[PDB]
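As provided, data.cif (mmCIF, C-alpha atoms and all ligand atoms) reads as follows.
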data_work
#
loop_
_atom_site.label_atom_id
_atom_site.label_comp_id
_atom_site.auth_asym_id
_atom_site.auth_seq_id
_atom_site.Cartn_x
_atom_site.Cartn_y
_atom_site.Cartn_z
CA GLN A 116 -27.52 -20.46 -37.93
CA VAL A 117 -24.91 -17.72 -37.62
CA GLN A 118 -21.17 -18.32 -37.85
CA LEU A 119 -17.99 -16.29 -37.38
CA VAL A 120 -15.18 -17.46 -39.68
CA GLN A 121 -11.76 -16.08 -38.71
CA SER A 122 -8.20 -15.36 -39.85
CA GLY A 123 -5.14 -17.57 -39.65
CA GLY A 124 -2.99 -17.24 -36.54
CA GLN A 125 0.23 -15.42 -37.33
CA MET A 126 3.62 -15.85 -35.67
CA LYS A 127 4.94 -12.75 -33.90
CA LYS A 128 7.72 -11.34 -31.70
CA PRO A 129 7.49 -9.04 -28.63
CA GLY A 130 7.55 -5.28 -29.23
CA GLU A 131 5.39 -5.63 -32.34
CA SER A 132 1.77 -5.66 -33.50
CA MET A 133 -0.87 -8.08 -34.77
CA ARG A 134 -4.19 -7.84 -36.61
CA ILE A 135 -6.77 -10.63 -36.72
CA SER A 136 -10.00 -10.44 -38.71
CA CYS A 137 -13.39 -12.08 -38.17
CA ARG A 138 -16.15 -12.26 -40.80
CA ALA A 139 -19.75 -12.73 -39.64
CA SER A 140 -22.80 -14.21 -41.35
CA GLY A 141 -26.40 -15.27 -40.83
CA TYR A 142 -27.41 -12.08 -39.02
CA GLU A 143 -27.48 -8.33 -39.53
CA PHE A 144 -23.90 -7.36 -38.69
CA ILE A 145 -24.99 -4.00 -37.23
CA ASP A 146 -27.88 -5.06 -35.00
CA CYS A 147 -25.77 -7.12 -32.59
CA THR A 148 -22.69 -6.56 -30.41
CA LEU A 149 -19.45 -8.49 -30.97
CA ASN A 150 -16.74 -9.27 -28.39
CA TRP A 151 -13.12 -10.45 -28.33
CA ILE A 152 -12.35 -13.14 -25.73
CA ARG A 153 -8.84 -14.60 -25.87
CA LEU A 154 -7.69 -17.64 -23.92
CA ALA A 155 -4.17 -18.03 -22.52
CA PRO A 156 -2.71 -21.06 -20.69
CA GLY A 157 -4.57 -21.67 -17.43
CA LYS A 158 -5.93 -18.18 -16.85
CA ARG A 159 -9.62 -17.22 -16.83
CA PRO A 160 -11.01 -16.44 -20.32
CA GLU A 161 -10.03 -12.81 -20.86
CA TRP A 162 -12.57 -10.40 -22.36
CA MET A 163 -10.93 -7.43 -24.05
CA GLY A 164 -13.80 -5.27 -25.29
CA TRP A 165 -17.15 -5.17 -27.05
CA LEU A 166 -17.79 -3.57 -30.41
CA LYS A 167 -21.12 -2.17 -31.53
CA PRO A 168 -20.87 -2.10 -35.35
CA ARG A 169 -23.44 0.70 -35.66
CA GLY A 170 -21.04 3.60 -35.23
CA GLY A 171 -17.95 1.72 -34.12
CA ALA A 172 -18.82 2.30 -30.46
CA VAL A 173 -16.39 0.41 -28.23
CA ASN A 174 -15.58 -0.45 -24.61
CA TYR A 175 -12.12 -1.81 -23.82
CA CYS A 176 -10.97 -3.71 -20.71
CA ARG A 177 -8.77 -1.65 -18.33
CA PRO A 178 -5.45 -3.57 -18.65
CA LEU A 179 -5.70 -3.39 -22.45
CA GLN A 180 -6.46 0.34 -22.56
CA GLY A 181 -3.79 1.64 -24.93
CA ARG A 182 -2.78 -1.45 -26.90
CA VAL A 183 -6.16 -2.74 -28.09
CA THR A 184 -8.03 -1.30 -31.09
CA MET A 185 -11.27 -2.91 -32.27
CA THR A 186 -12.62 -1.76 -35.62
CA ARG A 187 -14.92 -3.11 -38.32
CA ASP A 188 -15.67 -2.90 -42.02
CA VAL A 189 -19.45 -2.70 -41.98
CA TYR A 190 -19.40 -3.29 -45.75
CA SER A 191 -17.48 -6.57 -45.78
CA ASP A 192 -19.09 -7.41 -42.42
CA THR A 193 -15.60 -7.98 -41.00
CA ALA A 194 -14.51 -7.39 -37.40
CA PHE A 195 -10.94 -6.19 -36.88
CA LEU A 196 -8.65 -6.07 -33.86
CA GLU A 197 -5.14 -4.63 -33.61
CA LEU A 198 -2.85 -5.33 -30.64
CA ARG A 199 0.48 -3.49 -30.46
CA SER A 200 3.37 -3.64 -27.95
CA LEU A 201 3.33 -7.43 -27.92
CA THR A 202 4.34 -9.71 -25.06
CA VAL A 203 4.87 -13.44 -24.58
CA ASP A 204 2.23 -13.23 -21.85
CA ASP A 205 -0.52 -11.64 -23.93
CA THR A 206 -0.09 -14.62 -26.27
CA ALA A 207 -3.33 -16.59 -26.62
CA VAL A 208 -5.96 -18.04 -28.95
CA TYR A 209 -8.47 -15.39 -30.01
CA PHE A 210 -12.25 -15.78 -30.38
CA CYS A 211 -14.71 -13.23 -31.78
CA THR A 212 -17.98 -13.73 -29.90
CA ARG A 213 -21.55 -12.46 -30.14
CA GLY A 214 -24.24 -13.17 -27.57
CA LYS A 215 -27.49 -15.14 -27.68
CA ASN A 216 -29.51 -12.11 -28.71
CA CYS A 217 -29.11 -8.37 -29.26
CA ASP A 218 -30.91 -7.67 -25.98
CA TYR A 219 -28.02 -9.17 -24.01
CA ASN A 220 -24.38 -9.42 -25.00
CA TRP A 221 -23.11 -11.68 -22.24
CA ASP A 222 -24.65 -15.06 -23.12
CA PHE A 223 -22.06 -16.15 -25.68
CA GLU A 224 -23.86 -18.94 -27.53
CA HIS A 225 -22.04 -18.08 -30.74
CA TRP A 226 -18.25 -18.36 -30.75
CA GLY A 227 -15.92 -18.22 -33.74
CA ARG A 228 -13.36 -20.94 -34.48
CA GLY A 229 -10.14 -20.25 -32.58
CA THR A 230 -7.30 -18.27 -34.15
CA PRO A 231 -3.89 -19.24 -32.69
CA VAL A 232 -1.23 -16.53 -32.46
CA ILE A 233 2.26 -17.53 -31.36
CA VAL A 234 4.68 -15.23 -29.52
CA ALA B 3 -105.97 -9.68 -40.99
CA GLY B 4 -103.77 -12.41 -42.43
CA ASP B 5 -102.14 -15.79 -41.97
CA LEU B 6 -98.50 -15.60 -43.11
CA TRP B 7 -95.96 -12.79 -42.97
CA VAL B 8 -92.50 -12.01 -44.23
CA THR B 9 -89.97 -12.99 -41.60
CA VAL B 10 -86.36 -11.86 -41.78
CA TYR B 11 -83.39 -14.05 -40.88
CA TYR B 12 -79.82 -12.87 -40.43
CA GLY B 13 -77.04 -15.45 -40.51
CA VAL B 14 -78.80 -17.54 -43.13
CA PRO B 15 -76.49 -20.25 -44.62
CA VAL B 16 -76.48 -19.25 -48.29
CA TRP B 17 -73.72 -18.45 -50.76
CA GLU B 18 -73.33 -17.44 -54.38
CA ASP B 19 -70.34 -17.80 -56.69
CA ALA B 20 -68.09 -14.77 -56.48
CA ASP B 21 -64.85 -13.13 -57.57
CA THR B 22 -62.94 -11.20 -54.91
CA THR B 23 -59.49 -10.03 -53.78
CA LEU B 24 -57.61 -12.81 -52.00
CA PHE B 25 -54.85 -12.05 -49.50
CA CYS B 26 -51.99 -14.39 -48.60
CA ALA B 27 -51.21 -16.37 -45.46
CA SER B 28 -47.77 -17.93 -44.96
CA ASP B 29 -46.63 -20.81 -42.75
CA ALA B 30 -44.32 -18.30 -41.01
CA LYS B 31 -41.65 -21.00 -40.67
CA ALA B 32 -39.10 -18.84 -42.48
CA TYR B 33 -36.86 -18.03 -39.51
CA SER B 34 -34.26 -15.96 -41.35
CA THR B 35 -35.54 -12.41 -41.82
CA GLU B 36 -32.39 -11.55 -43.74
CA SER B 37 -33.00 -14.14 -46.45
CA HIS B 38 -36.58 -13.08 -47.23
CA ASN B 39 -38.82 -14.58 -49.90
CA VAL B 40 -40.25 -12.91 -53.00
CA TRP B 41 -43.66 -14.56 -52.74
CA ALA B 42 -43.97 -15.19 -49.00
CA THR B 43 -43.35 -11.57 -48.05
CA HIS B 44 -43.70 -9.93 -44.63
CA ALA B 45 -47.18 -8.78 -45.69
CA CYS B 46 -48.42 -12.38 -45.68
CA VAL B 47 -50.42 -12.86 -42.49
CA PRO B 48 -49.27 -15.72 -40.23
CA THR B 49 -50.94 -19.09 -40.85
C1 LIG A 301 -9.88 16.57 -30.03
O1 LIG A 301 -8.77 17.17 -29.39
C2 LIG A 301 -7.84 16.22 -28.83
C3 LIG A 301 -6.75 17.04 -28.18
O2 LIG A 301 -6.30 18.06 -29.06
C4 LIG A 301 -7.31 15.26 -29.90
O3 LIG A 301 -6.55 14.25 -29.25
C5 LIG A 301 -5.31 13.93 -29.93
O4 LIG A 301 -5.49 12.83 -30.82
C6 LIG A 301 -4.30 12.52 -31.57
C7 LIG A 301 -4.69 11.43 -32.54
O5 LIG A 301 -5.30 11.97 -33.71
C8 LIG A 301 -3.16 12.12 -30.63
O6 LIG A 301 -2.01 11.95 -31.46
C9 LIG A 301 -0.89 11.14 -30.99
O7 LIG A 301 0.03 11.05 -32.09
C10 LIG A 301 1.22 10.28 -31.85
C11 LIG A 301 2.10 10.39 -33.08
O8 LIG A 301 3.14 11.30 -32.78
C12 LIG A 301 4.36 10.56 -32.59
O9 LIG A 301 5.30 10.95 -33.56
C13 LIG A 301 5.62 12.35 -33.54
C14 LIG A 301 6.50 12.61 -34.75
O10 LIG A 301 7.87 12.47 -34.36
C15 LIG A 301 8.67 12.17 -35.53
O11 LIG A 301 8.52 13.17 -36.54
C16 LIG A 301 9.00 14.51 -36.21
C17 LIG A 301 8.82 15.37 -37.45
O12 LIG A 301 7.45 15.28 -37.86
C18 LIG A 301 10.45 14.46 -35.71
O13 LIG A 301 10.82 15.74 -35.22
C19 LIG A 301 10.59 13.43 -34.58
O14 LIG A 301 11.92 13.41 -34.07
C20 LIG A 301 10.15 12.06 -35.08
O15 LIG A 301 11.01 11.77 -36.19
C21 LIG A 301 11.65 10.49 -36.03
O16 LIG A 301 11.68 9.79 -37.26
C22 LIG A 301 12.39 10.47 -38.32
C23 LIG A 301 12.26 9.62 -39.57
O17 LIG A 301 12.98 10.25 -40.62
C24 LIG A 301 13.85 10.69 -37.90
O18 LIG A 301 14.52 11.44 -38.90
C25 LIG A 301 13.91 11.44 -36.56
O19 LIG A 301 15.26 11.61 -36.14
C26 LIG A 301 13.07 10.73 -35.49
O20 LIG A 301 13.75 9.50 -35.23
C27 LIG A 301 6.29 12.69 -32.19
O21 LIG A 301 6.57 14.08 -32.15
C28 LIG A 301 5.36 12.30 -31.02
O22 LIG A 301 6.02 12.53 -29.77
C29 LIG A 301 5.07 12.87 -28.74
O23 LIG A 301 4.58 11.71 -28.07
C30 LIG A 301 5.58 10.92 -27.36
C31 LIG A 301 4.85 9.77 -26.69
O24 LIG A 301 5.69 9.25 -25.66
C32 LIG A 301 6.34 11.80 -26.36
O25 LIG A 301 7.39 11.05 -25.78
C33 LIG A 301 6.91 13.03 -27.09
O26 LIG A 301 7.68 13.82 -26.19
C34 LIG A 301 5.79 13.81 -27.75
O27 LIG A 301 4.92 14.19 -26.67
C35 LIG A 301 4.63 15.61 -26.72
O28 LIG A 301 3.36 15.88 -26.14
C36 LIG A 301 3.22 15.54 -24.74
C37 LIG A 301 1.80 15.87 -24.32
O29 LIG A 301 1.62 17.28 -24.44
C38 LIG A 301 4.27 16.30 -23.91
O30 LIG A 301 4.19 15.90 -22.55
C39 LIG A 301 5.68 16.01 -24.46
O31 LIG A 301 6.66 16.71 -23.71
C40 LIG A 301 5.76 16.35 -25.95
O32 LIG A 301 5.60 17.77 -26.04
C41 LIG A 301 4.88 10.84 -31.15
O33 LIG A 301 6.00 10.02 -30.84
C42 LIG A 301 0.79 8.84 -31.57
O34 LIG A 301 1.96 8.03 -31.47
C43 LIG A 301 -0.04 8.84 -30.27
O35 LIG A 301 -0.33 7.50 -29.82
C44 LIG A 301 0.72 7.04 -28.92
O36 LIG A 301 0.73 7.80 -27.70
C45 LIG A 301 -0.37 7.59 -26.80
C46 LIG A 301 -0.19 8.55 -25.64
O37 LIG A 301 -0.15 9.88 -26.17
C47 LIG A 301 -0.36 6.12 -26.37
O38 LIG A 301 -1.41 5.90 -25.43
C48 LIG A 301 -0.56 5.23 -27.60
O39 LIG A 301 -0.59 3.85 -27.21
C49 LIG A 301 0.52 5.49 -28.66
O40 LIG A 301 1.71 4.89 -28.15
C50 LIG A 301 -1.31 9.72 -30.47
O41 LIG A 301 -2.12 9.04 -31.42
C51 LIG A 301 -2.93 13.21 -29.59
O42 LIG A 301 -2.00 12.77 -28.61
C52 LIG A 301 -4.24 13.58 -28.89
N1 LIG A 301 -4.03 14.68 -27.96
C53 LIG A 301 -3.76 14.50 -26.67
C54 LIG A 301 -3.57 15.74 -25.85
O43 LIG A 301 -3.66 13.37 -26.18
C55 LIG A 301 -8.44 14.65 -30.71
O44 LIG A 301 -7.92 13.94 -31.83
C56 LIG A 301 -9.39 15.73 -31.20
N2 LIG A 301 -10.50 15.16 -31.96
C57 LIG A 301 -11.40 14.29 -31.48
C58 LIG A 301 -12.44 13.84 -32.45
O45 LIG A 301 -11.37 13.90 -30.32
#

Please, can you express the file's structure as structure tokens?
Amino acid sequence: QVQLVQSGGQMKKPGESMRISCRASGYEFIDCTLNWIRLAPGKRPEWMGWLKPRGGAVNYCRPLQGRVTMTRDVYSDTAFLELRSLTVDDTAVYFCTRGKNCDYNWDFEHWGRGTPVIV
Amino acid sequence: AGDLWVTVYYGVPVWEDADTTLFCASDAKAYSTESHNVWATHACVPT
């Protein structure tokens, strides 16, 4: 089976930045697309953008266009996400997520263990 | 002007001892393509 081990959830303050990693295993890191879906209190699970680790191709969600920055070290098979200009509202638990197969990104069978950031 | 003749049969159930090249067939149960085996390679035909 595949698994996505993640970073520890840091404690932050508004008007700052955060960076949370996500290491993948059990599959070819390049062949499949990875997402970042955070979950805040009560709101629908918010998808922020997918990352295709071939050539770092990305597609960010409209409200996050400007703050979000999804990268990856294809060598350490690690997925990175930076989020500047922090808010108490964008506070959430973060989950790196790849689909069922590489033919379809949106069936998220594989989730990573939640990383809890506090703002 | 005879009685018996040579008659030829194809598919006759006979064998002789022999040495030949033998190829490999694997059980194909190795799911992980990443972690591939040194003996049960991809060239092994499926069982
Ligand atoms: C293809 O071609 C494309 C187009 O050419 C390329 O696209 C470009 O890509 C680059 C990225 O590679 C992108 O760059 C941006 O860079 C920003 C960094 O700049 C900031 O800092 C500088 C430096 O200021 C400090 O240093 C100087 C001296 O060096 C000093 O004079 C300053 O006072 C200041 O010093 C301070 O500190 C010292 C410490 O000692 C003190 O002593 C001192 O007293 C000071 O306190 C600033 O100059 C910048 O300011 C600009 O941007 C701000 C943003 O609000 C403006 O307010 C500011 O007026 C100025 O904007 C100018 O340009 C605009 C547009 O023309 C004018 O309207 C305006 O009037 C000014 O003339 C920066 O503060 C970086 O921060 C930035 O990212 C941020 O901004 C974007 C929006 O722009 C946000 O969305 C982000 O979220 C970030 O907040 C960005 O990365 C270029 O902008 C981009 N080009 C365009 C047109 O967009 C492309 O790369 C190329 N190649 C490919 C492959 O595509």

Inset, instruction - Would you mind reading off the distance between CA of residue 167 (chain A) and CA of residue 146 (chain A), one decimal, in Å? - result: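 Straight-line distance from CA of residue 167 (chain A) to CA of residue 146 (chain A) works out to 8.1 Å.
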
Legend entry - Counting only C-alpha atoms, the option among A:233, A:225, A:199, A:140 closest to chain B: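 Looking only at the distances to chain B, the closest residue turns out to be A:140.
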
Legend entry - residue 43 (chain B) surroundings by only C-alpha atoms, 12 Å radius, close-in-sequence under 4 positions cut, as a ChimeraX atom specification: /B:25-30,32,35-39,47-48

Once 5 Å is added on each side, what are the centre and the three edge lengths, in Å to one decimal, of the axis-aligned box enclosing the listed atoms of ligand LIG 301 (chain A)? Present them as JSON.
{"center_x": 1.4, "center_y": 11.0, "center_z": -31.6, "size_x": 37.7, "size_y": 24.2, "size_z": 28.1}

Legend entry - Nearest to chain A, chosen from B:12, B:41, B:17, B:33, with all atoms listed in the file counted in the distances: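 Of all the options, B:33 lies closest to chain A.
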
With the cut-off set at 10 Å and counting only C-alpha atoms, tabulate each residue of chain A with an atom at most that distance from an atom of chain B, showing the nearest atom pair and its distance in Å to one decimal, ordered by chain and increasing number, as JSON lines.
{"residue": "A:116", "atom": "CA", "partner": "B:34", "partner_atom": "CA", "distance": 8.8}
{"residue": "A:141", "atom": "CA", "partner": "B:36", "partner_atom": "CA", "distance": 7.6}
{"residue": "A:142", "atom": "CA", "partner": "B:36", "partner_atom": "CA", "distance": 6.9}
{"residue": "A:143", "atom": "CA", "partner": "B:36", "partner_atom": "CA", "distance": 7.2}

All residues within 10 Å of ligand LIG 301 (chain A) are required, counting all atoms listed in the file; please report them as a short mmCIF file (atom, residue, chain, number, x, y, z; two decimals) with C-alpha atoms, in the coordinates of the input.
data_model
loop_
_atom_site.label_atom_id
_atom_site.label_comp_id
_atom_site.auth_asym_id
_atom_site.auth_seq_id
_atom_site.Cartn_x
_atom_site.Cartn_y
_atom_site.Cartn_z
CA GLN A 180 -6.46 0.34 -22.56
CA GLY A 181 -3.79 1.64 -24.93
CA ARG A 182 -2.78 -1.45 -26.90
CA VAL A 183 -6.16 -2.74 -28.09
CA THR A 184 -8.03 -1.30 -31.09
CA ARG A 199 0.48 -3.49 -30.46
CA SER A 200 3.37 -3.64 -27.95
#

Inset, instruction - Give me, please, the distance in Å between CA of residue 45 (chain B) and CA of residue 23 (chain B), quoted to one decimal. - result: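 So the answer is 14.8 Å.
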
Might you pull out every residue within 10 Å of region 152-160 of chain A, with all atoms listed in the file counted and same-chain residues fewer than 4 positions away left off, and present them as a PDB file with C-alpha atoms, in the frame of the given file?
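What landed in selection_4.pdb:
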ATOM      1  CA  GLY A 164     -13.800  -5.270 -25.290  1.00  0.00           C
ATOM      2  CA  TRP A 165     -17.150  -5.170 -27.050  1.00  0.00           C
ATOM      3  CA  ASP A 204       2.230 -13.230 -21.850  1.00  0.00           C
ATOM      4  CA  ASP A 205      -0.520 -11.640 -23.930  1.00  0.00           C
ATOM      5  CA  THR A 206      -0.090 -14.620 -26.270  1.00  0.00           C
ATOM      6  CA  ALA A 207      -3.330 -16.590 -26.620  1.00  0.00           C
ATOM      7  CA  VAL A 208      -5.960 -18.040 -28.950  1.00  0.00           C
ATOM      8  CA  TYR A 209      -8.470 -15.390 -30.010  1.00  0.00           C
ATOM      9  CA  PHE A 210     -12.250 -15.780 -30.380  1.00  0.00           C
ATOM     10  CA  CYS A 211     -14.710 -13.230 -31.780  1.00  0.00           C
ATOM     11  CA  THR A 212     -17.980 -13.730 -29.900  1.00  0.00           C
ATOM     12  CA  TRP A 226     -18.250 -18.360 -30.750  1.00  0.00           C
ATOM     13  CA  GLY A 229     -10.140 -20.250 -32.580  1.00  0.00           C
ATOM     14  CA  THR A 230      -7.300 -18.270 -34.150  1.00  0.00           C
ATOM     15  CA  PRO A 231      -3.890 -19.240 -32.690  1.00  0.00           C
TER      16      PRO A 231
END

Can you take region 200-229 of chain A from the block and write N, CA and C atoms as a short mmCIF file (atom, residue, chain, number, x, y, z; two decimals), in the first residue's frame?
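Ended up saving to result_22.cif:
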data_model
loop_
_atom_site.label_atom_id
_atom_site.label_comp_id
_atom_site.auth_asym_id
_atom_site.auth_seq_id
_atom_site.Cartn_x
_atom_site.Cartn_y
_atom_site.Cartn_z
N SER A 200 0.95 35.32 4.42
CA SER A 200 -0.14 36.25 4.75
C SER A 200 -1.22 35.55 5.56
N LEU A 201 -0.82 34.98 6.69
CA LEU A 201 -1.69 34.10 7.47
C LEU A 201 -2.88 34.81 8.10
N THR A 202 -3.89 34.01 8.42
CA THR A 202 -5.13 34.48 9.00
C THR A 202 -5.59 33.47 10.05
N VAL A 203 -6.47 33.89 10.95
CA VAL A 203 -7.02 32.95 11.92
C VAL A 203 -8.11 32.11 11.26
N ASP A 204 -8.56 32.56 10.09
CA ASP A 204 -9.63 31.88 9.36
C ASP A 204 -9.08 30.80 8.43
N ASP A 205 -7.89 31.02 7.89
CA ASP A 205 -7.29 30.01 7.01
C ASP A 205 -6.65 28.89 7.84
N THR A 206 -6.79 28.99 9.16
CA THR A 206 -6.32 27.95 10.07
C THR A 206 -7.10 26.66 9.85
N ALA A 207 -6.39 25.54 9.79
CA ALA A 207 -7.01 24.25 9.54
C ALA A 207 -6.02 23.10 9.72
N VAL A 208 -6.52 21.88 9.60
CA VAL A 208 -5.67 20.70 9.54
C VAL A 208 -5.42 20.39 8.07
N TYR A 209 -4.18 20.08 7.71
CA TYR A 209 -3.82 19.92 6.31
C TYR A 209 -3.53 18.47 5.94
N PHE A 210 -4.01 18.07 4.76
CA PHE A 210 -3.92 16.69 4.29
C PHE A 210 -3.44 16.60 2.84
N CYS A 211 -2.24 16.08 2.61
CA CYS A 211 -1.80 15.79 1.25
C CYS A 211 -2.55 14.56 0.76
N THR A 212 -3.05 14.61 -0.47
CA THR A 212 -3.95 13.58 -0.96
C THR A 212 -3.76 13.22 -2.43
N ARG A 213 -3.53 11.94 -2.71
CA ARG A 213 -3.49 11.47 -4.09
C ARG A 213 -4.67 10.56 -4.34
N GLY A 214 -5.11 10.50 -5.60
CA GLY A 214 -6.32 9.79 -5.96
C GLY A 214 -6.23 8.28 -5.90
N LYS A 215 -7.23 7.61 -6.47
CA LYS A 215 -7.24 6.15 -6.57
C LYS A 215 -6.17 5.70 -7.53
N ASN A 216 -6.19 6.29 -8.72
CA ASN A 216 -5.23 5.98 -9.77
C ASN A 216 -4.73 7.25 -10.46
N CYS A 217 -3.80 7.08 -11.39
CA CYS A 217 -3.21 8.21 -12.09
C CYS A 217 -4.07 8.64 -13.28
N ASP A 218 -5.14 7.90 -13.53
CA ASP A 218 -6.06 8.23 -14.61
C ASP A 218 -7.16 9.16 -14.13
N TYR A 219 -7.23 9.36 -12.81
CA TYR A 219 -8.25 10.22 -12.22
C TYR A 219 -7.87 10.67 -10.82
N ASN A 220 -7.72 11.98 -10.66
CA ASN A 220 -7.17 12.57 -9.45
C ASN A 220 -8.19 12.67 -8.32
N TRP A 221 -9.47 12.67 -8.67
CA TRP A 221 -10.51 13.13 -7.75
C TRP A 221 -11.14 12.07 -6.84
N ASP A 222 -10.71 10.82 -6.96
CA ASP A 222 -11.16 9.78 -6.04
C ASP A 222 -10.07 9.56 -5.00
N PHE A 223 -10.13 10.34 -3.93
CA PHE A 223 -9.07 10.38 -2.93
C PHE A 223 -9.11 9.20 -1.96
N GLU A 224 -8.69 8.03 -2.42
CA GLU A 224 -8.63 6.86 -1.55
C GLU A 224 -7.49 6.99 -0.55
N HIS A 225 -6.41 7.63 -0.98
CA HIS A 225 -5.22 7.75 -0.16
C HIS A 225 -5.07 9.15 0.42
N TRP A 226 -5.28 9.27 1.73
CA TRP A 226 -5.04 10.52 2.45
C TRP A 226 -3.84 10.36 3.37
N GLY A 227 -3.16 11.47 3.65
CA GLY A 227 -2.09 11.47 4.63
C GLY A 227 -2.65 11.75 6.01
N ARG A 228 -1.89 11.41 7.05
CA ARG A 228 -2.31 11.68 8.42
C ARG A 228 -2.30 13.19 8.65
N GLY A 229 -3.35 13.70 9.29
CA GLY A 229 -3.53 15.13 9.46
C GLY A 229 -2.42 15.88 10.18
#
